[PDB]
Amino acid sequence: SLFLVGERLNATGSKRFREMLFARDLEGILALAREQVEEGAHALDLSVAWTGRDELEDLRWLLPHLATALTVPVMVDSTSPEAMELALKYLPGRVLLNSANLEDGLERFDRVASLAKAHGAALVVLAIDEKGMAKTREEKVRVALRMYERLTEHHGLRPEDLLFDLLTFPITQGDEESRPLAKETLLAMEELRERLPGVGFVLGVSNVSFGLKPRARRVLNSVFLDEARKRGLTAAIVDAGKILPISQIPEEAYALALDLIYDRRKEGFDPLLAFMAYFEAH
């Protein structure tokens, strides 16, 4: 029952999408969208932002065609409020806004939230404020509660309209700061599920595994998605066709994945190395 959001219509995140976007290969882009929907996607993340390129021009071109060719809703992945308003114009009732945050302060947070409210769009909110990204359990809860209060009391948004993104960081560099980061998000999600009944939770699941070989990313992403579902995850941004059921993951790979996610270091044992070692050997 997870709302799966296809991740691959993303210029920075997909070479295939980027090349087609740049060449205005509309039918290639629609073919990529349909593949994702057939592989399980109930919605599609759309991030066309690319440095030194015009986001609004790309969106003005693509969005009208997405409105007629797709049935599934679009999650508009942008930090530009004008980009969000284009999507809201061309896809009325078929938009999730990704995202609002508090890094720019309250007025900017309020401007994005007002769009969600005025247009009846679902709203993603990141655990990010004026001091930056929430990496610990404690920071995530603090930022989330501040946002929830504003979203409900001031904008009159319903818990059910909200998707809290408590942030997915790679646990693959192996430095002391990044090792616990997936565990910290999982724990914050369980706590906020109790504190904020009725709110959705979303994660960019693929970020947890950056740097590893593709077969290893597939396993780690799937295990992390599964763990998150148990903590209360309601939606996920994923490569729709590369989510394995837990039962298809070999027992040793599964156990090493959980060790890596929960940072189960001991004397002789580095889970990062052991997880990487498994995929060379098998």
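Heads up: residue numbers just count along the shown sequence, starting at 1.
Could you settle it for me: does 125-133 or 67-75 have the higher average Cα B factor in the PDB entry? Mean C-alpha B-factor is greater for 67-75.
Of 100-108 and 86-94, which one has the bigger average CA B-factor? The deposited B-factors put 86-94 ahead on the C-alpha mean.
Can you work out whether the C-alpha temperature factor of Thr234 puts it in the lowest, middle or highest third of the chain? Middle third by C-alpha B-factor.
Which third of the chain holds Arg146 when residues are ordered by C-alpha B factor: lowest, middle or highest? Ranked within chain, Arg146 CA B lands in the lowest tercile.
Name the third of the chain's ranked CA B-factors that contains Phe269, choosing lowest, middle or highest. According to the entry, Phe269 has a C-alpha B-factor in the chain's highest third.
Relative C-alpha B-factor of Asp58, binned into the chain's lowest, middle or highest third: It falls in the bottom third of the chain.
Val48's Cα B-factor: lowest, middle or highest third of the chain? Within its chain, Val48 is a lowest-third residue by C-alpha B-factor, going by the deposited values.
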